[PDB]
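Chemist: so I pulled this structure from the PDB, and the sequence comes with it:
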Amino acid sequence: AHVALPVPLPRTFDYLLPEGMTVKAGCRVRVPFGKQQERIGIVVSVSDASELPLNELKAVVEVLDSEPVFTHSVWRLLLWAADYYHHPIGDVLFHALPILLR
Amino acid sequence: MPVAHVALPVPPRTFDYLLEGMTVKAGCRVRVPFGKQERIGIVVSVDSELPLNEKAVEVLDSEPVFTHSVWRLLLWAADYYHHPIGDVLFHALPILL
Amino acid sequence: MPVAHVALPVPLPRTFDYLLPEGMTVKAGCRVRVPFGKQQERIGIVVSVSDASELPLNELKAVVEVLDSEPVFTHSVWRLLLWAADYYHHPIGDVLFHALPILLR
Amino acid sequence: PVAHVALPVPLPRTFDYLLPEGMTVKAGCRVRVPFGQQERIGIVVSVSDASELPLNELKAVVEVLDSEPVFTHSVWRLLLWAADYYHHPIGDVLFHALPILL
């Protein structure tokens, strides 16, 4: 039985960063998704903790951006809007990317 | 730092829990275990990503707390306006009642 | 009083062998999810891969998934850790998993 | 093509053997058990009533070489402590300890 739960604002996925790999908010990263696939996502933030223990977080595979694909302003607005209007931050981020750059 | 909090291209991403002799249907609130930490949730659907072996509590409603109409509507709006089903459902309940 | 839990004098790194699925790849230093005992799984770190299992190549189950594309540890740190485990007589698994949290920032 | 995986296994990594009907041993006693073909001498750390593998799926003991515990009641408590406290493989501590103790 699939159940819905009162989750925290941006429902994000936590990935472990192998030793010696570094990323900053606003950067795209290639990460695993479901048993064996890969997918592109954007780092919303990086902290020192996750609901699950570090040894359980799959590691990021590659960082696609050296610097933020989004502007410091645009980024702040994007995250704002996603939160204010109750929109999935991933949703907002990837949808806005094509608009902003194209 | 260690953990990277990542945004992903929008998946209704729900949590699956095990139900012998306990029955529930869509639109019903249920108490279920949450992390290495009980909590209320709403049954979105009822044969799993991970092993039916490795979190399972009870059904708080015999009948759906939402109308067939209401539910259809709420699920639509969640989808149409890009809002997490959970958010819509839990926030709608109070106004509803 | 049926089961007897016996300690044996085993070699340097007492490690557990698993079979690699068809089309799955992992190298040393990588964490993998594997079956343990009857009910469920657990996370472990690949210490090495080779064509040398001291058991029937069918009596051993297979990896479930690899959580790391690349080594979660550095080439040196890794050299260091395995040494430490051996030199100071500490369980390799103990060293690796305790070291991970401290190591990862 | 096999991976040699290291797992964070609980405190005393021990090996479980079935005690043939009518065979009896006490902690601190050596026993001959099957291993891999060959046999080997091990020291009984304890006797429970269940293991992490199906109750009858595990090889039986072959012979008990000590009817009396080869270690003192105290030395025993000490070594088991030391193994745990200093994170040393119990079988390592016991077998290395034996030659010096004797």
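Modeler: Cool, got the structure. Residues are numbered from 1 along each chain as shown, chains lettered A, B, ... in the order given.

Chemist: what's the helix or strand for the nearest residue to residue A:12 once chain neighbours are set aside?
Modeler: Closest residue in space to residue A:12, ignoring its immediate chain neighbours: residue B:5 at 4.3 Å, by CB to CB, 6 or more residues apart in numbering or on different chains. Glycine gets a C-beta too; all of them are placed from N, C-alpha and C. Element membership for residue B:5, per DSSP states H and E: strand B:3-7.

Chemist: give me the residues contacting that strand.
Modeler: With CB atoms under 8 Å, 6 or more residues apart in numbering or on different chains as the test, strand B:3-7 has contacts from A:10, A:12-17, A:23, A:29, A:31, A:41-50, A:54, A:57, A:60, A:88-90, A:93-94.

Chemist: buried subset of those?
Modeler: Listed as buried from these are A:10, A:12-17, A:23, A:29, A:31, A:41-46, A:50, A:54, A:57, A:60, A:88-90, A:93-94; burial here means 16 or more other CB atoms under 10 Å in any protein chain shown.

Chemist: ok, back up a step: so how far is the strand holding residue B:5 off the chain centroid?
Modeler: A distance of 23 Å separates the centroid of the chain from that of strand B:3-7, by CA atoms, centre = their mean, to the nearest Å.

Chemist: list the strands paired with it, with their directions.
Modeler: strand A:13-16 (antiparallel), strand A:37-47 (antiparallel) (DSSP bridges).

Chemist: can I get that strand in PDB? Just the C-alpha atoms.
Modeler: Taking Å, rounded to 0.1, in the frame of the first residue of the first chain, the C-alpha atoms of strand B:3-7 are listed here in PDB:
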ATOM      1  CA  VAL B   3      26.000  14.900   1.800                       C
ATOM      2  CA  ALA B   4      24.600  16.400  -1.400                       C
ATOM      3  CA  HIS B   5      20.900  17.300  -1.400                       C
ATOM      4  CA  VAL B   6      19.800  16.900  -4.900                       C
ATOM      5  CA  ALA B   7      16.800  18.000  -6.900                       C
END
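
Chemist: residues near the residue in chain A that chain D sits nearest to, how many?
Modeler: Nearest to chain D, among the residues of chain A, is residue A:55, at 8.2 Å (CB to the nearest CB). Residue A:55 has 19 neighbouring residues, counting by other CB atoms under 10 Å in any protein chain shown.

Chemist: which parts of stretch A:80-93 are buried?
Modeler: Those would be A:82, A:87, A:88, A:89, A:90, A:91, A:92, A:93, for stretch A:80-93 by 16+ other CB under 10 Å.

Chemist: now swap in stretch A:65-83 and tell me
Modeler: In stretch A:65-83, counting by 16+ other CB under 10 Å, buried: A:68, A:69, A:70, A:75, A:78, A:79, A:82.

Chemist: what is the neighbour count of residue A:37?
Modeler: Residue A:37, neighbours per other CB under 10 Å, totals 8.

Chemist: is it bridged to anything, and to what?
Modeler: On the basis of DSSP bridges, residue A:37 is bridged to residue A:33.

Chemist: please apply the same query to the one 5 residues further on.
Modeler: According to DSSP bridges, residue A:28, residue B:7 are recorded as the beta-bridge partners of residue A:42.

Chemist: so it versus chain C, what's the distance?
Modeler: To chain C, residue A:42 is 19 Å away according to CB to the nearest CB, to the nearest Å.

Chemist: one more: residue A:97?
Modeler: 24 Å.

Chemist: could you report the neighbour count for that residue?
Modeler: Residue A:97 has 15 neighbouring residues, counting by other CB under 10 Å.

Chemist: next: residue A:33.
Modeler: Counted with other CB under 10 Å, the neighbours of residue A:33 add up to 17.

Chemist: same check on residue A:39?
Modeler: 15.

Chemist: ditto for residue A:59
Modeler: Residues lying near residue A:59 (other CB under 10 Å) number 24.

Chemist: could you do the one 3 residues further on as well?
Modeler: Counted by other CB under 10 Å, the residues lying close to residue A:62 total 13.
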